[PDB]
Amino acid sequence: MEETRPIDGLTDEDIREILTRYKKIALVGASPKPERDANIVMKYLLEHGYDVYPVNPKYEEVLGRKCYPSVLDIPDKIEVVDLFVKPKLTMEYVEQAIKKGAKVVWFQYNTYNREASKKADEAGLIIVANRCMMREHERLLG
């Protein structure tokens, strides 16, 4: 009688490790609108010690942080690309994540793209899917 478990196949321990260790985040789809999920999670991660670089070519500053047009333009190392964009947009961002040397691609709810997931797996990145960083942080480090 196997229980349902997340499809990315990571244990609670693996996620807790990624949430404790990898705190340089490129948050793609960042938005200054309070209503968007990306704004709520970006504020929460900044309140919990994450260094969050918003990425969205539309904006130059979001929540007081300079906003970049690509993960590759961020002047720092990036460990996690946290995706708040539609599925077909994620392939490009996974490609940027690979070229930047990120360690983890994190597909937030309704962003998963199989093809993008495949390029990330081929390059060796850890893939987290169908979870929220905020909710996993609350569940595991709360």
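Sequential numbering from 1, following the sequence displayed.
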{"item": "Residue range whose averaged C-alpha B-factor is higher in the record, 52-60 or 27-35", "value": "27-35"}
{"item": "Stretch exceeding the other in mean C-alpha B-factor - 102-110, 65-73", "value": "102-110"}
{"item": "Third of the chain, ranked by Cα B-factor, where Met42 sits", "value": "lowest"}
{"item": "Third of the chain, ranked by Cα B-factor, where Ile78 sits", "value": "lowest"}
